[PDB]
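Peer 1: This is coords26.pdb, which holds PDB, C-alpha atoms and all ligand atoms:
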ATOM      1  CA  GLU H 207      94.524  75.605 118.165
ATOM      2  CA  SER H 208      96.748  73.391 120.328
ATOM      3  CA  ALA H 209      99.205  76.272 120.456
ATOM      4  CA  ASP H 210      96.708  78.563 122.204
ATOM      5  CA  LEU H 211      95.898  75.832 124.744
ATOM      6  CA  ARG H 212      99.593  75.445 125.570
ATOM      7  CA  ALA H 213     100.009  79.167 126.093
ATOM      8  CA  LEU H 214      97.016  79.072 128.424
ATOM      9  CA  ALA H 215      98.614  76.176 130.431
ATOM     10  CA  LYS H 216     101.875  78.071 130.726
ATOM     11  CA  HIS H 217     100.144  81.239 131.899
ATOM     12  CA  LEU H 218      98.203  79.378 134.609
ATOM     13  CA  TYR H 219     101.305  77.444 135.733
ATOM     14  CA  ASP H 220     103.230  80.720 135.923
ATOM     15  CA  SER H 221     100.448  82.370 137.958
ATOM     16  CA  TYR H 222     100.245  79.292 140.206
ATOM     17  CA  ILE H 223     103.985  79.499 140.982
ATOM     18  CA  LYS H 224     103.555  83.161 141.783
ATOM     19  CA  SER H 225     100.479  82.679 143.976
ATOM     20  CA  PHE H 226     101.342  79.562 145.996
ATOM     21  CA  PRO H 227     104.617  79.739 147.998
ATOM     22  CA  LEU H 228     104.661  75.982 148.702
ATOM     23  CA  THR H 229     104.421  73.941 145.491
ATOM     24  CA  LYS H 230     103.959  70.181 145.175
ATOM     25  CA  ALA H 231     107.523  70.009 143.828
ATOM     26  CA  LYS H 232     108.918  71.636 146.960
ATOM     27  CA  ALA H 233     106.673  69.556 149.213
ATOM     28  CA  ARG H 234     107.822  66.280 147.601
ATOM     29  CA  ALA H 235     111.470  67.316 147.927
ATOM     30  CA  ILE H 236     110.936  67.983 151.620
ATOM     31  CA  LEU H 237     108.978  64.779 152.271
ATOM     32  CA  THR H 238     111.226  62.376 150.429
ATOM     33  CA  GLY H 239     114.318  61.521 152.497
ATOM     34  CA  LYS H 240     116.144  63.680 149.972
ATOM     35  CA  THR H 241     117.966  66.461 151.734
ATOM     36  CA  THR H 242     119.940  67.821 154.635
ATOM     37  CA  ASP H 243     119.177  71.238 153.129
ATOM     38  CA  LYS H 244     116.061  71.453 155.290
ATOM     39  CA  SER H 245     114.107  68.384 156.382
ATOM     40  CA  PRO H 246     111.102  69.053 158.687
ATOM     41  CA  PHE H 247     110.760  68.854 162.463
ATOM     42  CA  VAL H 248     108.292  66.079 163.144
ATOM     43  CA  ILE H 249     105.354  66.447 165.538
ATOM     44  CA  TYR H 250     104.027  63.059 166.554
ATOM     45  CA  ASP H 251     103.054  63.646 170.213
ATOM     46  CA  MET H 252     102.571  66.246 172.962
ATOM     47  CA  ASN H 253     106.163  67.080 173.911
ATOM     48  CA  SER H 254     107.375  67.077 170.324
ATOM     49  CA  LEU H 255     104.427  69.394 169.738
ATOM     50  CA  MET H 256     105.909  71.680 172.403
ATOM     51  CA  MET H 257     109.511  71.421 171.232
ATOM     52  CA  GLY H 258     107.998  71.848 167.801
ATOM     53  CA  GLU H 259     106.720  75.222 169.019
ATOM     54  CA  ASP H 260     110.315  76.238 169.607
ATOM     55  CA  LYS H 261     112.009  74.743 166.545
ATOM     56  CA  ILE H 262     109.123  75.744 164.299
ATOM     57  CA  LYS H 263     107.258  78.869 165.364
ATOM     58  CA  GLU H 276      94.411  73.054 175.014
ATOM     59  CA  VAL H 277      96.322  71.143 172.300
ATOM     60  CA  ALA H 278      93.423  69.934 170.126
ATOM     61  CA  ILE H 279      91.649  73.287 169.962
ATOM     62  CA  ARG H 280      94.872  75.225 169.493
ATOM     63  CA  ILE H 281      95.880  72.952 166.590
ATOM     64  CA  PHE H 282      92.401  73.465 165.133
ATOM     65  CA  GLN H 283      92.831  77.246 165.227
ATOM     66  CA  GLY H 284      96.277  76.871 163.658
ATOM     67  CA  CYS H 285      94.428  75.121 160.868
ATOM     68  CA  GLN H 286      91.870  77.942 160.749
ATOM     69  CA  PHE H 287      94.688  80.448 160.189
ATOM     70  CA  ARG H 288      96.323  78.521 157.339
ATOM     71  CA  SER H 289      92.978  78.126 155.592
ATOM     72  CA  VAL H 290      92.524  81.851 155.686
ATOM     73  CA  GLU H 291      95.969  82.256 154.142
ATOM     74  CA  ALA H 292      95.092  79.594 151.581
ATOM     75  CA  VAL H 293      91.881  81.460 150.717
ATOM     76  CA  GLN H 294      93.928  84.621 150.148
ATOM     77  CA  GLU H 295      96.361  82.749 147.911
ATOM     78  CA  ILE H 296      93.618  81.017 145.906
ATOM     79  CA  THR H 297      91.809  84.338 145.513
ATOM     80  CA  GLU H 298      94.987  85.832 144.075
ATOM     81  CA  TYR H 299      95.340  82.893 141.674
ATOM     82  CA  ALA H 300      91.690  83.190 140.599
ATOM     83  CA  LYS H 301      92.204  86.765 139.346
ATOM     84  CA  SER H 302      94.867  85.486 136.907
ATOM     85  CA  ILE H 303      92.453  83.072 135.247
ATOM     86  CA  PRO H 304      91.576  84.727 131.914
ATOM     87  CA  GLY H 305      88.006  86.032 132.040
ATOM     88  CA  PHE H 306      87.467  85.644 135.766
ATOM     89  CA  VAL H 307      87.684  89.284 136.811
ATOM     90  CA  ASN H 308      85.486  90.276 133.846
ATOM     91  CA  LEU H 309      82.603  88.216 135.276
ATOM     92  CA  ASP H 310      79.770  89.791 137.245
ATOM     93  CA  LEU H 311      81.244  90.584 140.628
ATOM     94  CA  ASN H 312      78.548  88.600 142.452
ATOM     95  CA  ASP H 313      79.409  85.521 140.463
ATOM     96  CA  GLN H 314      83.142  85.994 141.216
ATOM     97  CA  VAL H 315      82.243  85.881 144.889
ATOM     98  CA  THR H 316      80.009  82.807 144.426
ATOM     99  CA  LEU H 317      82.666  80.930 142.457
ATOM    100  CA  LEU H 318      85.202  81.639 145.184
ATOM    101  CA  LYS H 319      82.741  80.767 147.943
ATOM    102  CA  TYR H 320      82.167  77.247 146.610
ATOM    103  CA  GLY H 321      85.472  76.576 144.890
ATOM    104  CA  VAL H 322      87.897  77.526 147.619
ATOM    105  CA  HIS H 323      87.442  74.507 149.911
ATOM    106  CA  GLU H 324      87.641  71.984 147.078
ATOM    107  CA  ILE H 325      90.905  73.671 146.015
ATOM    108  CA  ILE H 326      92.273  73.700 149.547
ATOM    109  CA  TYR H 327      91.860  69.897 149.822
ATOM    110  CA  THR H 328      93.239  69.320 146.333
ATOM    111  CA  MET H 329      96.412  71.231 147.194
ATOM    112  CA  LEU H 330      96.512  69.876 150.738
ATOM    113  CA  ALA H 331      97.112  66.478 149.158
ATOM    114  CA  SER H 332     100.384  67.886 147.759
ATOM    115  CA  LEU H 333     101.573  68.321 151.342
ATOM    116  CA  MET H 334     100.494  64.845 152.502
ATOM    117  CA  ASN H 335     101.740  61.330 152.396
ATOM    118  CA  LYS H 336     100.397  58.298 154.186
ATOM    119  CA  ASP H 337     102.077  59.222 157.470
ATOM    120  CA  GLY H 338     101.206  62.889 157.919
ATOM    121  CA  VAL H 339     101.219  66.422 156.554
ATOM    122  CA  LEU H 340     103.666  69.293 156.128
ATOM    123  CA  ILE H 341     102.965  72.337 158.247
ATOM    124  CA  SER H 342     104.338  75.863 158.592
ATOM    125  CA  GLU H 343     105.526  76.336 155.018
ATOM    126  CA  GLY H 344     107.091  72.870 155.117
ATOM    127  CA  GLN H 345     109.285  73.474 158.200
ATOM    128  CA  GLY H 346     107.183  71.001 160.151
ATOM    129  CA  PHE H 347     105.490  67.648 159.655
ATOM    130  CA  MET H 348     102.550  66.547 161.732
ATOM    131  CA  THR H 349     101.824  62.873 162.065
ATOM    132  CA  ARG H 350      98.544  61.360 160.851
ATOM    133  CA  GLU H 351      98.356  59.196 163.997
ATOM    134  CA  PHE H 352      98.882  62.245 166.216
ATOM    135  CA  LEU H 353      96.058  64.128 164.465
ATOM    136  CA  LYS H 354      93.795  61.102 164.829
ATOM    137  CA  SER H 355      94.639  60.776 168.501
ATOM    138  CA  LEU H 356      93.260  64.222 169.284
ATOM    139  CA  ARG H 357      90.244  64.886 171.547
ATOM    140  CA  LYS H 358      87.062  63.420 170.094
ATOM    141  CA  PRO H 359      85.347  66.221 168.208
ATOM    142  CA  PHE H 360      88.709  67.052 166.572
ATOM    143  CA  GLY H 361      90.434  63.690 166.170
ATOM    144  CA  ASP H 362      88.664  63.002 162.886
ATOM    145  CA  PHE H 363      88.809  66.377 161.192
ATOM    146  CA  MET H 364      91.862  65.356 159.207
ATOM    147  CA  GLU H 365      91.388  61.648 158.488
ATOM    148  CA  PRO H 366      89.090  61.921 155.449
ATOM    149  CA  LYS H 367      91.539  64.435 153.984
ATOM    150  CA  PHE H 368      94.346  61.873 154.324
ATOM    151  CA  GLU H 369      92.123  59.229 152.669
ATOM    152  CA  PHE H 370      91.461  61.564 149.784
ATOM    153  CA  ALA H 371      95.103  62.521 149.449
ATOM    154  CA  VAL H 372      96.477  58.989 149.281
ATOM    155  CA  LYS H 373      94.186  58.161 146.356
ATOM    156  CA  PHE H 374      94.559  61.560 144.664
ATOM    157  CA  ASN H 375      98.346  61.408 144.983
ATOM    158  CA  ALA H 376      98.290  58.117 143.074
ATOM    159  CA  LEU H 377      97.403  60.079 139.924
ATOM    160  CA  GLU H 378     100.951  61.524 140.198
ATOM    161  CA  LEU H 379     100.025  65.039 139.091
ATOM    162  CA  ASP H 380     102.650  67.769 139.082
ATOM    163  CA  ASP H 381     102.162  71.485 139.651
ATOM    164  CA  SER H 382     101.621  72.279 135.957
ATOM    165  CA  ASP H 383      98.725  69.799 135.898
ATOM    166  CA  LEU H 384      97.283  71.069 139.165
ATOM    167  CA  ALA H 385      97.392  74.702 138.050
ATOM    168  CA  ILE H 386      94.874  73.987 135.270
ATOM    169  CA  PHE H 387      92.782  71.580 137.342
ATOM    170  CA  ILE H 388      92.386  74.206 140.067
ATOM    171  CA  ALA H 389      91.238  76.764 137.495
ATOM    172  CA  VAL H 390      88.697  74.226 136.178
ATOM    173  CA  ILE H 391      87.302  73.823 139.714
ATOM    174  CA  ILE H 392      86.911  77.585 140.233
ATOM    175  CA  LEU H 393      85.017  78.151 136.994
ATOM    176  CA  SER H 394      82.295  75.581 137.576
ATOM    177  CA  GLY H 395      79.009  77.253 136.770
ATOM    178  CA  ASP H 396      76.924  74.614 138.497
ATOM    179  CA  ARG H 397      77.510  76.675 141.628
ATOM    180  CA  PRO H 398      74.404  77.721 143.609
ATOM    181  CA  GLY H 399      73.251  81.292 143.022
ATOM    182  CA  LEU H 400      75.126  82.108 139.821
ATOM    183  CA  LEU H 401      73.595  84.927 137.753
ATOM    184  CA  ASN H 402      75.249  84.394 134.322
ATOM    185  CA  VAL H 403      76.232  80.752 133.870
ATOM    186  CA  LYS H 404      77.109  80.836 130.143
ATOM    187  CA  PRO H 405      80.207  83.101 130.412
ATOM    188  CA  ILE H 406      81.452  80.887 133.254
ATOM    189  CA  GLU H 407      80.870  77.750 131.207
ATOM    190  CA  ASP H 408      82.622  79.175 128.163
ATOM    191  CA  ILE H 409      85.703  79.847 130.299
ATOM    192  CA  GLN H 410      85.556  76.380 131.852
ATOM    193  CA  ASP H 411      85.361  74.742 128.395
ATOM    194  CA  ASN H 412      88.573  76.418 127.377
ATOM    195  CA  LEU H 413      90.210  75.397 130.668
ATOM    196  CA  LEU H 414      89.046  71.800 130.182
ATOM    197  CA  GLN H 415      90.519  71.688 126.686
ATOM    198  CA  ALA H 416      93.783  73.014 128.122
ATOM    199  CA  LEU H 417      93.823  70.441 130.960
ATOM    200  CA  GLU H 418      93.090  67.565 128.608
ATOM    201  CA  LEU H 419      95.921  68.494 126.281
ATOM    202  CA  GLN H 420      98.211  69.086 129.274
ATOM    203  CA  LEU H 421      97.522  65.633 130.670
ATOM    204  CA  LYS H 422      98.004  63.926 127.293
ATOM    205  CA  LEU H 423     101.332  65.686 126.729
ATOM    206  CA  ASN H 424     102.632  65.407 130.326
ATOM    207  CA  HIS H 425     101.301  61.890 130.966
ATOM    208  CA  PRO H 426     101.178  60.130 127.588
ATOM    209  CA  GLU H 427     101.264  56.647 129.133
ATOM    210  CA  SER H 428      98.517  57.392 131.635
ATOM    211  CA  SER H 429      95.289  56.529 129.821
ATOM    212  CA  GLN H 430      92.089  58.390 130.635
ATOM    213  CA  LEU H 431      93.893  60.317 133.397
ATOM    214  CA  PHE H 432      91.745  63.270 132.338
ATOM    215  CA  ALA H 433      88.555  61.310 133.081
ATOM    216  CA  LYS H 434      90.033  59.831 136.265
ATOM    217  CA  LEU H 435      90.976  63.333 137.422
ATOM    218  CA  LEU H 436      87.504  64.773 136.796
ATOM    219  CA  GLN H 437      85.960  61.872 138.748
ATOM    220  CA  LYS H 438      88.000  63.016 141.769
ATOM    221  CA  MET H 439      85.791  66.090 141.951
ATOM    222  CA  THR H 440      83.146  63.925 143.648
ATOM    223  CA  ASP H 441      85.601  63.036 146.409
ATOM    224  CA  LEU H 442      86.308  66.728 147.021
ATOM    225  CA  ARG H 443      82.599  67.540 147.286
ATOM    226  CA  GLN H 444      81.990  65.020 149.998
ATOM    227  CA  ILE H 445      85.078  66.013 151.999
ATOM    228  CA  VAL H 446      83.670  69.529 152.079
ATOM    229  CA  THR H 447      80.165  68.366 153.035
ATOM    230  CA  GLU H 448      81.505  66.180 155.793
ATOM    231  CA  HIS H 449      83.849  68.891 156.976
ATOM    232  CA  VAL H 450      81.006  71.432 157.191
ATOM    233  CA  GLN H 451      78.805  69.206 159.347
ATOM    234  CA  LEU H 452      81.781  68.578 161.602
ATOM    235  CA  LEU H 453      82.149  72.344 162.036
ATOM    236  CA  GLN H 454      78.504  72.696 163.089
ATOM    237  CA  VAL H 455      79.154  70.162 165.878
ATOM    238  CA  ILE H 456      82.199  72.076 167.164
ATOM    239  CA  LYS H 457      80.427  75.461 167.263
ATOM    240  CA  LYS H 458      77.752  74.016 169.554
ATOM    241  CA  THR H 459      79.896  72.066 172.035
ATOM    242  CA  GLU H 460      82.689  74.660 172.029
ATOM    243  CA  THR H 461      80.721  77.931 172.414
ATOM    244  CA  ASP H 462      83.934  79.791 173.300
ATOM    245  CA  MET H 463      85.721  78.832 170.087
ATOM    246  CA  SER H 464      85.582  81.445 167.338
ATOM    247  CA  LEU H 465      85.563  81.122 163.552
ATOM    248  CA  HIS H 466      87.200  83.521 161.069
ATOM    249  CA  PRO H 467      84.807  85.923 159.250
ATOM    250  CA  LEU H 468      86.455  85.198 155.898
ATOM    251  CA  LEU H 469      85.909  81.500 156.660
ATOM    252  CA  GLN H 470      82.432  81.966 158.103
ATOM    253  CA  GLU H 471      81.123  83.859 155.058
ATOM    254  CA  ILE H 472      82.262  80.912 152.945
ATOM    255  CA  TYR H 473      80.062  78.438 154.875
ATOM    256  CA  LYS H 474      76.297  78.914 154.214
TER     257      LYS H 474
HETATM  258  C1  LIG M 501      88.301  75.716 160.168
HETATM  259  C2  LIG M 501      89.389  75.021 159.811
HETATM  260  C3  LIG M 501      90.009  74.124 160.811
HETATM  261  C4  LIG M 501      90.115  75.239 158.505
HETATM  262  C5  LIG M 501      89.071  75.605 157.445
HETATM  263  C6  LIG M 501      88.467  74.217 157.202
HETATM  264  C7  LIG M 501      89.699  73.417 156.833
HETATM  265  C8  LIG M 501      89.793  73.629 155.400
HETATM  266  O1  LIG M 501      88.761  73.538 154.725
HETATM  267  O2  LIG M 501      90.895  73.866 154.922
HETATM  268  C9  LIG M 501      89.751  71.895 157.086
HETATM  269  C10 LIG M 501      91.132  71.323 156.701
HETATM  270  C11 LIG M 501      92.352  72.064 157.288
HETATM  271  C12 LIG M 501      92.416  71.487 158.695
HETATM  272  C13 LIG M 501      92.014  73.573 157.321
HETATM  273  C14 LIG M 501      93.176  74.439 157.683
HETATM  274  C15 LIG M 501      94.390  74.316 156.790
HETATM  275  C16 LIG M 501      94.839  72.888 156.999
HETATM  276  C17 LIG M 501      96.380  72.621 156.834
HETATM  277  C18 LIG M 501      96.878  72.745 155.385
HETATM  278  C19 LIG M 501      97.240  73.638 157.570
HETATM  279  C20 LIG M 501      97.179  73.664 159.074
HETATM  280  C21 LIG M 501      97.383  72.321 159.737
HETATM  281  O3  LIG M 501      98.578  72.422 160.503
HETATM  282  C22 LIG M 501      97.267  71.059 158.859
HETATM  283  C23 LIG M 501      98.647  70.493 158.613
HETATM  284  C24 LIG M 501      96.575  69.950 159.655
HETATM  285  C25 LIG M 501      96.723  71.233 157.401
HETATM  286  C26 LIG M 501      95.747  70.170 156.940
HETATM  287  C27 LIG M 501      94.277  70.484 156.664
HETATM  288  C28 LIG M 501      93.748  71.894 156.484
HETATM  289  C29 LIG M 501      93.467  72.070 154.980
HETATM  290  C30 LIG M 501      90.638  73.947 157.888
END
Is it possible to express this structure as structure tokens?
Peer 2:
Amino acid sequence: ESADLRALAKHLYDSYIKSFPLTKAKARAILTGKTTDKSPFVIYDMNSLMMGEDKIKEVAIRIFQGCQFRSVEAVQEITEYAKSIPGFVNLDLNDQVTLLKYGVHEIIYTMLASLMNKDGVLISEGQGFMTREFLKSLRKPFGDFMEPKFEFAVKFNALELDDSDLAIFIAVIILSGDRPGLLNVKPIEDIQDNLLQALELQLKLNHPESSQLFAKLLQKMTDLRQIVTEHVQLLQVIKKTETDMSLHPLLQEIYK
């Protein structure tokens, strides 16, 4: 029944709003020269980075650890969202952990695109905006952490998804079932099939002039995969040349 799929979409969207403090809708209102209400302080170089530390509250490394923090917070938020997905907490606990382990980074880059445009990315709950060029200009093992994320975002943002779309898409990603190490794949797959039906209907209703958006959205999952892969191998480099830099245990247990 279409009706049941709509109720599912609304529940996920509702849970999404409750779990993620910075929505795409708020991010777009901040980014677009829309408001005096609160536009961001813009960090595009060293001194503005400093002054930025006063307005908003070594460079390259310190920025990297600022990233590390926000990812941890993002993992907490995504974990909270995951529990609201019907069926998820009824799964074998080990599989819940596995689904989170592999899904969380793909979600983080999906939602990261909401905070990006071509020029840079919102930081600190949208109070700040850090320039793409400034991130690229950073010291050499760090200066290209962010670039492939920008490249993803620019293309992904061209699908023009809104938060109600993204809420279902993010659920679809979590409930994959082709994740390494899963004990019971069939209950995961039955949940994903429901989610996929919901997403498909959502996209047809919300974007009726956007043909095959559903298929085009699913194809984006390959882009996410390779961002993660490339990000991971970049992290292995950093941990060897920067022996004094530390990773977060919540983040470290995710990579393996
Ligand atoms: C170890 C890291 C540096 C964390 C976990 C890996 C990470 C990850 O997988 O998230 C790569 C992308 C990103 C550096 C995050 C942190 C969160 C962060 C984000 C949102 C918040 C802090 C930063 O100020 C800013 C604006 C550059 C963004 C952009 C990218 C990421 C997603 C990484």
Peer 1: Tell me which residues come within 10 Å of (94.8, 58.3, 141.5), as a list in words, counting all atoms listed in the file in the file's coordinates.
Peer 2: residues 370, 371, 372, 373, 374, 375, 376, 377, 378, 379, 431, 434, 435, 437 and 438 of chain H
Peer 1: Taking the file as shown, find all residues satisfying the PyMOL selection byres (((chain H and resi 296-313) around 10) and not hetatm) and write them as an MDAnalysis selection string.
Peer 2: chainID H and resid 214 217:218 220:226 290:295 314:319 321:323 325:326 385:386 388:390 392:393 395 397:403 405:406 408:410 412:413
Peer 1: Please identify every polymer residue within 6 Å of ligand LIG 501 (chain M), using all atoms listed in the file, and present the set as a PyMOL selection string.
Peer 2: chain H and resi 282+284-286+288-289+323+326-327+330+339-341
Peer 1: Compile the contact shell of segment 261-280 of chain H as a VMD selection string: residues with an atom at most 8 Å away, counting only C-alpha atoms, same-chain residues fewer than 4 positions apart removed.
Peer 2: chain H and resid 247 252 257 284 342 345 to 346 356 to 357 360 to 361
Peer 1: Could you work out how far atom CA of residue 255 of chain H lies from atom CA of residue 328 of chain H, giving the answer in Å with one decimal?
Peer 2: 25.9 Å
Peer 1: Using all atoms listed in the file, which of the listed residues (H:462, H:351, H:365, H:441) sits closest to residue 251 of chain H?
Peer 2: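 The answer is H:351, which sits nearest to residue 251 of chain H.
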Peer 1: Between atom CA of residue 245 of chain H and atom CA of residue 281 of chain H, measure the distance and give it in Å to one decimal.
Peer 2: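 Separation of atom CA of residue 245 of chain H and atom CA of residue 281 of chain H: 21.4 Å.
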Peer 1: In Å to one decimal, how far is atom CA of residue 219 of chain H from atom CA of residue 382 of chain H?
Peer 2: 5.2 Å
Peer 1: If you apply the PyMOL selection byres (((chain H and resi 451-454) around 10) and not hetatm) to this file, what residues do you get, as number ranges by chain?
Peer 2: H: 359-360, 362-363, 446-450, 455-459, 465, 473
Peer 1: Any chance you could turn segment 337-374 of chain H into a file with C-alpha atoms, as an mmCIF file, in the first residue's frame?
Peer 2:
data_model
loop_
_atom_site.group_PDB
_atom_site.id
_atom_site.type_symbol
_atom_site.label_atom_id
_atom_site.label_comp_id
_atom_site.auth_asym_id
_atom_site.auth_seq_id
_atom_site.Cartn_x
_atom_site.Cartn_y
_atom_site.Cartn_z
ATOM 1 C CA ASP H 337 33.501 27.220 -2.668
ATOM 2 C CA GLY H 338 33.662 25.556 0.740
ATOM 3 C CA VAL H 339 31.859 23.967 3.667
ATOM 4 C CA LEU H 340 29.861 25.061 6.704
ATOM 5 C CA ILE H 341 31.502 24.400 10.038
ATOM 6 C CA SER H 342 30.558 24.679 13.708
ATOM 7 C CA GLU H 343 26.819 24.129 13.351
ATOM 8 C CA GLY H 344 26.779 26.555 10.421
ATOM 9 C CA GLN H 345 28.339 29.516 12.289
ATOM 10 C CA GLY H 346 31.435 29.215 10.128
ATOM 11 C CA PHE H 347 32.366 28.548 6.517
ATOM 12 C CA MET H 348 35.723 27.165 5.523
ATOM 13 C CA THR H 349 36.982 27.763 2.032
ATOM 14 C CA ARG H 350 37.707 24.884 -0.358
ATOM 15 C CA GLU H 351 40.902 26.631 -1.523
ATOM 16 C CA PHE H 352 42.062 27.071 2.077
ATOM 17 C CA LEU H 353 41.523 23.362 2.808
ATOM 18 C CA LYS H 354 43.410 22.449 -0.357
ATOM 19 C CA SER H 355 46.267 24.754 0.551
ATOM 20 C CA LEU H 356 46.992 22.849 3.751
ATOM 21 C CA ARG H 357 50.241 20.950 4.453
ATOM 22 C CA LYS H 358 50.704 18.046 2.057
ATOM 23 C CA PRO H 359 49.376 14.970 3.821
ATOM 24 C CA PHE H 360 46.252 16.976 4.768
ATOM 25 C CA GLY H 361 45.684 19.308 1.822
ATOM 26 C CA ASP H 362 43.768 16.660 -0.102
ATOM 27 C CA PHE H 363 41.646 15.100 2.608
ATOM 28 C CA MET H 364 38.683 17.248 1.657
ATOM 29 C CA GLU H 365 38.917 17.652 -2.121
ATOM 30 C CA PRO H 366 37.291 14.359 -3.172
ATOM 31 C CA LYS H 367 34.450 15.143 -0.768
ATOM 32 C CA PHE H 368 33.888 18.473 -2.545
ATOM 33 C CA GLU H 369 33.935 16.669 -5.924
ATOM 34 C CA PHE H 370 31.330 14.240 -4.686
ATOM 35 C CA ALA H 371 29.188 16.975 -3.194
ATOM 36 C CA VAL H 372 29.015 19.148 -6.298
ATOM 37 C CA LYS H 373 27.675 16.234 -8.349
ATOM 38 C CA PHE H 374 25.445 14.865 -5.573
#
